[PDB]
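# Just the structure for this:
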Amino acid sequence: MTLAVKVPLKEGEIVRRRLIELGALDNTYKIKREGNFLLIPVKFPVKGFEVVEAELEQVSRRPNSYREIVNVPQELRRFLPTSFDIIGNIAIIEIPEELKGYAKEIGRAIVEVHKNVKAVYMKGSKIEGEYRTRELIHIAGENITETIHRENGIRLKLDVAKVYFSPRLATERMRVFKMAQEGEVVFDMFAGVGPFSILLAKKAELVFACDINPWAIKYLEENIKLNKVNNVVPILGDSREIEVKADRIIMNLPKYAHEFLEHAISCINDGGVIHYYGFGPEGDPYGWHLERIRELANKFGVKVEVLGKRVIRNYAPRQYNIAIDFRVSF
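Residues are numbered from 1 along each chain as shown. Sharing the structure here:
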């Protein structure tokens with residue numbers, strides 16, 4: 001039972017509006033009915049109404065996140081990773097080694113509270129011999145790795161096992177699409193399945209989309225088809241050995257982009273702007289990258305100036321992922 005107010009039926013909304021004004025109305029229970037009078041739930045007694053205790057049907061908040069798992073309560077804290085990526089209808093979650101034990105019930109939970117997901121995997125390594133390689137251990141749902149993710153008005157066929165992809169960057173992608181001007185020549189140095197490249201293809205005369213992985217190439221071609229784009233050319237190989245010219249460059253490989261800056265500088269016209277993605281230490285994430293980039297400005301004999309320095313997302317530990325947008329003019 002909870003608190004309520006027995007107000008006649010035709011007098012309902014008046015009271016309701018009145019209580020909304022007082023700040024008494026309680027969203028936690030559904031209004032109950034008696035033939036002559038309703039019973040409006042209140043979070044406290046009020047001066048001008050007939051307060052009654054009543055057994056009221058609580059309204060069930062549909063669960064946000066997965067608080068529906070069952071496992072050891074000690075690990076409940078350790079075990080509930082707070083973020084997981086969901087691309088298309090596939091969900092990928094990083095489970096600690098403390099709770100691999102209950103992985104299946106984790107997956108069973110996710111697919112239950114997210115209608116849209118159909119399968120759930122978990123990131124884990126296989127050990128080849130010397131090197132250790134990654135793989136997605138299936139924990140719940142259908143036995144499918146292929147999904148068509150929806151991002152920015154564009155659909156991306158993807159094998160979430162073969163080609164790498166981060167949906168969190170979606171926002172970031174639009175941010176540069178807005179900075180881009182039409183008629184531009186765009187060079188996606190590291191294109192993936194062209195989440196950047198197609199979006200950008202909506203506003204560019206020509207665009208080259210390159211990647212080292214052939215699965216991302218196959219899927220990029222598939223997306224060129226699926227999204228009705230024709231100003232995109234897929235390119236398999238080391239981006240550095242690709243001598244073309246570009247009005248915009250997109251270096252979305254933060255781990256190593258600092259290597260490719262040299263060739264980035266090499267492929268730019270007077271107008272050209274370069275978006276360069278990198279990793280930086282706490283308290284000076286831009287410092288080194290700006291040091292290197294200014295030096296390169298001297299080397300190649302061009303003048304660079306910076307339009308913006310940002311953090312697209314932080315690495316899980318103390319590391320931060322940066323995005324510099326600098327325009328080069330000779």
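# To what extent is residue 283 buried, counted in neighbours?
The number of residues packed near residue 283 is 8, by other Cβ atoms under 10 Å. (Each C-beta comes from the backbone N, C-alpha and C, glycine too.)
# So residue 53 sits against residue 5, correct?
No - Residue 53 is beyond contact range of residue 5, at 11.2 Å (criterion: Cβ atoms under 8 Å).
# Which one of the two is surrounded by more residues?
residue 5 (24 against 9).
# That one contacts residue 50, correct?
Yes - assessed by Cβ under 8 Å, residue 5 is found in contact with residue 50 at 6.2 Å.
# if I look at residue 243, how far off is residue 256?
19 Å (Cβ to Cβ, to the nearest Å).
# between these two, who's got more neighbours?
For the pair residue 243 and residue 256, the greater number of neighbours falls to residue 256 (12 against 8), based on other Cβ under 10 Å.
# Who are the contact partners of the more buried one?
Contacts here follow Cβ atoms under 8 Å, 6 or more residues apart in numbering; on that basis residue 256 touches nothing.
# Likewise for the one 5 residues further on?
If you count contacts by Cβ under 8 Å, 6+ apart, residue 261 has them with 251, 276, 292-293, 296.
# Now intersect those residues with the strands, please.
251, 276 (DSSP state E).
# Okay, helices next: where are they in this protein?
Ranges of helices within the chain are 12-22, 73-79, 103-113, 170-179, 195-201, 214-226, 257-266, 287-300, based on DSSP state H.
# for these, which one ends up most surrounded?
helix 195-201 (a mean of 26; mean count of other Cβ atoms under 10 Å).
# name the helices or strands packed onto it?
helix 170-179, strand 184-188, strand 204-211, helix 214-226, strand 232-236, strand 246-251 (3 or more Cβ pairs under 8 Å, 6 or more residues apart in numbering; DSSP states H and E).
# so which of these gets nearest residue 152?
With Cβ to Cβ as the measure, helix 170-179 is the member of the helices and strands packed on helix 195-201 nearest residue 152 (5.6 Å).
# So what pairs up with residue 92 in the strands?
residue 85, residue 121 (DSSP bridges).
# want to throw the contacts of residue 261 into TSV with distance to residue 46?
What follows is the contacts of residue 261, written out as TSV (distance: Cβ to Cβ, whole Å):
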residue	distance to residue 46
251	62
276	61
292	67
293	65
296	70
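# out of the contacts of residue 261, which one sits closest to residue 323?
Nearest member of the contacts of residue 261 to residue 323, counting by Cβ to Cβ, is residue 276, at 7.4 Å.
# Check which residues of stretch 161-168 are buried.
161, 163, 165 (16 or more other Cβ atoms under 10 Å).
# And the residues you listed, which is closest to residue 24?
Out of the buried residues of stretch 161-168, the member with the shortest distance to residue 24 (by Cβ to Cβ) is residue 165, at 49.1 Å.
# List the residues that contact that closest one.
Taking Cβ under 8 Å, 6+ apart as the test, what residue 165 contacts is 87, 149, 156, 158, 192-193, 195.
# Residue 152 too?
Per Cβ under 8 Å, 6+ apart, neighbours of residue 152: 170, 173-174, 177, 195, 199.
# Then residue 42?
So residue 42 contacts 3-5, 19, 24-26, 49, 51 (Cβ under 8 Å, 6+ apart).
# if you set the cut-off to 10 Å instead, what comes out?
2-5, 19, 22-26, 29, 49, 51-52 (Cβ atoms under 10 Å, 6 or more residues apart in numbering).
# Sort out for me which of the residues you listed are in strands.
2-5, 51-52.
# what number of residues lie near residue 26?
16.
# Go ahead and confirm it touches residue 16.
No - the criterion here is Cβ atoms under 10 Å, and residue 26 misses it with residue 16 at 11.3 Å.
# any residues in contact with both of those two?
Shared contacts of residue 26 and residue 16, counting by Cβ under 10 Å, 6+ apart, come down to residue 40.
# where does the most centrally placed residue in the chain sit relative to residue 187, distance-wise?
Centroid check for the chain by Cα atoms, centre = their mean gives residue 168 as the closest residue, at 1.8 Å. The spacing between residue 168 and residue 187, counted by Cβ to Cβ, is 23 Å.
# wouldn't residue 75 be in contact with residue 98 here?
Yes - counting by Cβ under 10 Å, residue 75 sits close enough to residue 98 to count as a contact (5.9 Å).
# Show the contacting residues for the residue nearest to residue 318 when sequence neighbours are not counted.
Excluding its sequence neighbours, the residue lying closest to residue 318 (Cβ to Cβ, 6 or more residues apart in numbering) is residue 282, at 5.2 Å. Shown in contact with residue 282 (Cβ under 10 Å, 6+ apart): 314, 317-320.
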